[PDB]
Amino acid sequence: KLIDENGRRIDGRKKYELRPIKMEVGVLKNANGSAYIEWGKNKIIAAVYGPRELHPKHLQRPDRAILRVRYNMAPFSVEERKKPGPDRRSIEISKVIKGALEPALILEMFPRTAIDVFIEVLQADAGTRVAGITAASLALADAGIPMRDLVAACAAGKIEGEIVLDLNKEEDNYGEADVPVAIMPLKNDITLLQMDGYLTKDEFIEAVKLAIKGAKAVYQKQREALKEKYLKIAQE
């Protein structure tokens, strides 16, 4: 009662609708690359350093950079103030964002270095890991790191037995499945795929396809955020 109806959703959107997504690239002075993303009520900042001198010097891979990802929510990002620090959730989300960004990066280009990706969720309303990946990509492109593709991400989910796109916190919390997908769109390569909840095969595949149509949209926004940047530089 009643995340769908009729046939609109709680915020009034249709079931294949995305929340208002804003994205800005290059928002931070210190980071080598940064992006900010407002995706619905999410407000998430991604920074990249560098490729940089890796320490400790034993972590280094001799033939390639390593990707390190840290995803973190500010204490004020959630309804119930999250104590500062790492938790199992953020650690798994970090592992799973890394495994999403990695394939897009030509890591052998910078042996013995780390590419450090930070995702800060300043406000969260479901879909942070995919909003985060979507910003990490931009922040990576922003860092001038060559990539095979942007990684775009978006979740699909089930609410009221119905497959919807792009869950909000209500829908994720009270829904039947959360299906985040990150793809590199050009080659249709899924670099993140998670399913939390309970679906049949057909419901899972349809949610995976829906989230990919969602991530393809996000991608256009992503390119359009790079375009916008690669137009600001067009000065003078």
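Just count from 1 along the sequence shown to find any residue number.
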Assert higher mean C-alpha B factor (191-199 or 49-57, deposited values) equals 49-57
Going by the entry, of stretches 123-131 and 103-111 the one with greater average Cα B-factor is 103-111
Once the chain's modelled residues are ordered by C-alpha B factor and cut into thirds, is residue 44 in the lowest, middle or highest one? lowest
Among the chain's modelled residues, which third holds the C-alpha B-factor of residue 165? middle
Lowest, middle or highest third: where is residue 180 by C-alpha B factor in its chain? lowest
Among the modelled residues of this chain, does the Cα B factor of residue 91 put it in the lowest, middle or highest third? lowest
Would you check the entry's CA temperature factor for residue 29 and let me know if it's in the chain's lowest, middle or highest third? middle
